[PDB]
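2 protein chains.
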Amino acid sequence: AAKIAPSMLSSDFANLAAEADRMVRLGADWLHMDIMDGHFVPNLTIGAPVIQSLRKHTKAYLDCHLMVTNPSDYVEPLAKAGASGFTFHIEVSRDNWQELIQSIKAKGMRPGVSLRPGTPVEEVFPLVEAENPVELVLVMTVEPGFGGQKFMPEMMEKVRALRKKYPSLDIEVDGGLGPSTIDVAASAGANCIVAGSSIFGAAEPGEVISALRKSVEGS
Amino acid sequence: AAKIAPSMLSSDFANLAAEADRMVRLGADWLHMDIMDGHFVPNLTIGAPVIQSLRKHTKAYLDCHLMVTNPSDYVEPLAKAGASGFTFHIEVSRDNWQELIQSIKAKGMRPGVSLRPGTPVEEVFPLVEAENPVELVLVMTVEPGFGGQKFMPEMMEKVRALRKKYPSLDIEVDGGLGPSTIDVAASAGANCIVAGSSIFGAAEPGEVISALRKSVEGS
């Protein structure tokens, strides 16, 4: 099923609760929260304290993407904060992804795994096929760290490979998604769409959300 | 001169613009922004993207405290974001402190340096005495990372030492400051007061801010 998730990194961080309400009001399915620690990626955004404050104001699904070096140390804080989805990077969980997925699920959060552009898609197959698997795979379509970057079409091959092997798996894409890039992504098989500037910078955000949904549903 | 700086780490992160404005209306001189990267301290809070959005909603002095391992990489982003004060930790700015101070000042921000409880106060004397010196020294009165911890009276010896040598230097304290601990800190010589839970958790925050200011001015 299609899930449109505005990237709050592109919203007014100073009026988060209002922005969250506005997005839900405009049709958003989830709110994508980019958590960066300045180490895994060269940018620092928000952490669990922000998620906790936001949860007090909304019941919306908070899709948290951990671009941090030590995701295991965020499981407890984010679960307490009220995170709904917890997506970690495959590049920093090579020795403990099994326990990490289990620890996330134990806390009632939906486990997901993300991969940077340079990481071969085959690396996440074991995580999708595990006894306790990830329930979402996030294919980054730009090098993670900043919004406003150029969509990388070559990443659609990863989306396609995943959709072919796993027809019911939630496949998310993040990086340059918007009206001009949604069709190729929807055709490739992506059903969860993270978009920032294309939604918040639009004259009609609600129309953009609907257009993204329609493209996915059309595929 | 006394400066009262509420610690936004204790505020409603989902209504930052409103909280900042409320603090200013209640008499806050500066807004203390704790930037933690999960590495220098075991917590991740907010980064330049949050500061940038807040600046669009306030003209208040944003006193940013960098509890990160690589402060040099935040100078440009925070300057663009509108930070007013940029305080780095002496424990991670080694051999690069002279350049760091110059880079901060070169970008229109006020340079400051902070020291954890375990760090001898003598460590910062050269920075205060340099040709292009720090303009504020932040004596942590709790181990940095979280709000609500117990004030450490023993840290007042650092404050006193600094005040004795530098009569006009801004000396800031952060950690457990409130009505019950301000007199001993004001007597020691601290004039810039960072307080979180004692202000955001108070029935009369305006009265608390005034009391903190009165204590400092009384000294």
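Protein chains in written order, with the entry's author numbering: chain A, 5 to 223; chain B, 5 to 223.
Don't be surprised by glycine CBs; every beta carbon is placed ideally from N, CA and C.
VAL117(A) is the residue among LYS111(A), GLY89(A), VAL117(A), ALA87(A) whose C-alpha sits nearest the C-alpha of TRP101(A). Leaving aside the five residues that flank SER14(A) on each side, the residues in its chain whose CB is nearer than 6 Å to its CB run, in chain order, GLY151, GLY200, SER201, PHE204. The alpha-carbon of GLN106(B) is positioned some 13 Å away from that of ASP99(B). Annotation for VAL177(A): the continuous beta strand (DSSP E) segment containing it runs 174-178.
Taking all protein chains shown into account, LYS7(B) has 16 or more neighbouring C-beta atoms within 10 Å of its C-beta and is therefore buried.
Ranked by Cα distance from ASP41(A), the options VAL138(A), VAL141(A), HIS93(A), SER219(A) are led by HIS93(A). Of all residues in the region 44-56 of chain B, the ones placed with a Cβ closer than 8 Å to any Cβ belonging to chain A are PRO46, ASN47, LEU48, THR49, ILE50, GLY51, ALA52, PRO53, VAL54, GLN56, in chain order. The Cβ neighbour count for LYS84(B), taken over all protein chains shown within 10 Å, is under 16; the residue is labelled exposed.
Assignment of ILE8(A) by DSSP, reduced to helix, strand and coil, places it in the strand class. For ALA87(A), the closest of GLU139(A), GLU103(A), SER57(A) by C-alpha to C-alpha distance is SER57(A). Cβ contact annotation for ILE197(B) (same chain, cutoff 6 Å, sequence separation greater than five): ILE8, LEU181, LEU216, in chain order.
At a cut-off of 8 Å between C-beta atoms, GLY205(B) does not count as an interface residue with respect to chain A. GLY112(B) places its beta carbon 8 Å or farther from that of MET144(B). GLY89(A) and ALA110(B) have their C-alpha atoms roughly 42 Å apart. Taking 8 Å as the upper bound for CB-CB distance, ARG114(A) and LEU140(A) are in contact here, some 7 Å apart.
Interface flag for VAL72(B) against chain A is set, since a Cβ pair is found closer than 8 Å. Looking from the CA of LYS218(A), the closest CA among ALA190(A), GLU208(A), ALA207(A) belongs to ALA190(A). With its beta carbon at least 8 Å from every one in chain B, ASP25(A) lies outside the interface. Within chain A, no residue has its beta carbon less than 9 Å from that of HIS69(B); the closest one is some 13 Å off. Shown here, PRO137(A) sits in coil according to DSSP, grouped into three states, outside any helix or strand.
Between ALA165(B) and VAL128(B), the CB-CB gap reaches or exceeds 8 Å. Here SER172(B) is exposed: its Cβ has fewer than 16 other Cβ atoms, across all protein chains shown, within 10 Å. DSSP lists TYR65(A) as the bridge partner or partners of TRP34(A). In its chain, beyond the 5 residues on either side, no residue has a beta carbon closer than 6 Å to the beta carbon of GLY222(B).
In this structure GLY210(A) touches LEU30(A) by the C-beta definition: roughly 4 Å separates them, less than 8 Å. Distance check between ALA18(B) and each of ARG59(A), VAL45(A), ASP38(A) places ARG59(A) closest, using alpha-carbon atoms only. Bridge pairing for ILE108(B): absent [DSSP].
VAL188(A) and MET160(A) have their C-alpha atoms spaced approximately 8 Å apart. In this structure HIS69(B) is in contact with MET37(B), their Cβ atoms being roughly 7 Å apart against a cut-off of 8 Å. In the same chain as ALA192(A), and ignoring 5 residues on each side of it, the C-beta atoms closer than 6 Å to its own belong to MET160, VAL163, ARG164, in chain order. Listed in chain order, the positions of the region 167-183 of chain A with a beta carbon within less than 8 Å of a beta carbon of chain B would be empty, since no residue qualifies.
Partner residues in the beta bridge of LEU142(A), as assigned by DSSP, are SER118(A), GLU176(A).
Taking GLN153(A) as reference, the option from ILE175(A), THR185(A), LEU35(A), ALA207(A) with the minimal CA-CA separation is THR185(A).
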